[PDB]
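Only one chain is given next, in structure tokens, and it is the form solved without the RNA.
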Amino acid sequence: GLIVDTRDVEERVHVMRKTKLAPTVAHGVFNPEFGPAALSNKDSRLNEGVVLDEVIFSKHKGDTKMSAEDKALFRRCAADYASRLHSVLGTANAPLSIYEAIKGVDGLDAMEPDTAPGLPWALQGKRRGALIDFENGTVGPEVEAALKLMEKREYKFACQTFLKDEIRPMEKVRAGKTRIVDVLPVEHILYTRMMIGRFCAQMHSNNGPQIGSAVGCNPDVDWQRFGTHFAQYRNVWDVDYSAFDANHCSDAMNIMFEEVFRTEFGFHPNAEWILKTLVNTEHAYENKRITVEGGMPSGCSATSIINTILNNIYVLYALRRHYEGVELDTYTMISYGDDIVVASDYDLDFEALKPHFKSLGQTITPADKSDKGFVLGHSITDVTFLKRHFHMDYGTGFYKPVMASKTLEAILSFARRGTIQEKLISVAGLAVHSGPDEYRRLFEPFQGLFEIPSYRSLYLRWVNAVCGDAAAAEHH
């Protein structure tokens, strides 16, 4: 987005310095070109002259203003996608109760009891457990009061900037490209869930190419569903954005919120309002208060959904701005936030769509190098989605989500202290699709030190998960 104002204030907002990630026994074996991101300016493995503060906020270069003709086209595309979206999901989008927003419903997980409250509760030394009761699903005196200000549409807030403690490629570690988590006030998260949580639960349950959303999918079981769908198209594209959510211009965001979250689709009028508060935001980093116009904060309860919705509208927009007579059935797509796979039987020229995406402030490049740009004739077994390839399991004839071995090596190389055994069981479920030989090699350093699930047990778990009938018929 656009940094419009930078102010220095009395209160200092401390950020999480020093990593919680420590190397494992696997690190010495795989030696990954990876490591924990820089969390302080004094971290010795940074490049010289790199000021972490200017780099973590360098992603704000934009807020691209759209022309009147482009804005009207964006509205038609947002209306057309919303029309499809609410045709599949339905119009049961009434506000969640305070109780249901905290405890969750079917398709929507419960709110995290101790994960940071936001501002100004962090300055006041209050944790989430003090402001809200999470077992009984009730609210304290201040959250209750903040909800009133939101109903009246006068509520204001600040986003708390957190440095994301995560494994990053060493090249990005040295460059100081630490990602940030924009922590929003817990009451704002509560209210957003109240306003659109019902909608969110319905998208999770109805995930798939029809609504263009993979949010809430289970890759183990769903890769067969997604794989078989995209396999019947002549052309498949793996499209990468550079800084997707940072570059959502305010014009795109505003029109989207207006078209998708209308009262005529069963929404409370404040659904549009609360979402619109994400457009122009104030961010608190140490002593600095940075006002940003445009872009999406990662702290909102529905960031993945919003990004996914925008991703769908963007593709419809860029195709309509280039070709004539483009409709929703001209192509098919699946997205999870910025991650995207597009397919069509038409020989669509994705290379010429570049300046049409640029009009939204977004930069599209092919995932597979700069192969003289975008090319035709690629299939779903050539693309990547959610860091997983589409490979055929020769024993069942089902598509399986296969992660690159280098990524699995990197994931197994670091862990938070005391979580290593739990992490191994989790990663084993990801690594089983790499085959028995590769699965064995990845977990060799942990042998004797931790329980490692047998390849066999995880394969048999997968077969039943993807198709119960197939596992049942196996015992013919």
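One-based numbering along the sequence shown.
Not on display, but discussed next: the form solved in complex with the RNA.
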property	result
Residues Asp80, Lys103 and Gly208 all lining the RNA in the deposited bound form, heavy atom within 4.5 Å	no
Answer option from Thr365, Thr330, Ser298, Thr291, heavy atom within 4.5 Å of the RNA in the deposited bound form	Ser298
Contact assignment for the RNA in the deposited bound form, among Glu112, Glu286, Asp349, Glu144, heavy atom within 4.5 Å	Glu112
Contact test in the deposited bound form: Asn47 vs the RNA, heavy atoms, 4.5 Å	no
4.5 angstroms heavy atom contact with the RNA in the deposited bound form for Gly216	yes
Contact test in the deposited bound form: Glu54 vs the RNA, heavy atoms, 4.5 Å	no
Heavy atom of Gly107 within 4.5 Å of the RNA in the deposited bound form	yes
Location of the RNA contact in the deposited bound form, chosen stretch of 65 to 73, 439 to 447, 419 to 427, 22 to 30 [non-hydrogen atom, 4.5 Å]	419 to 427
In the deposited bound form: members of 364 to 400 within 4.5 Å of the RNA, any heavy atom	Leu386, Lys387, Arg388
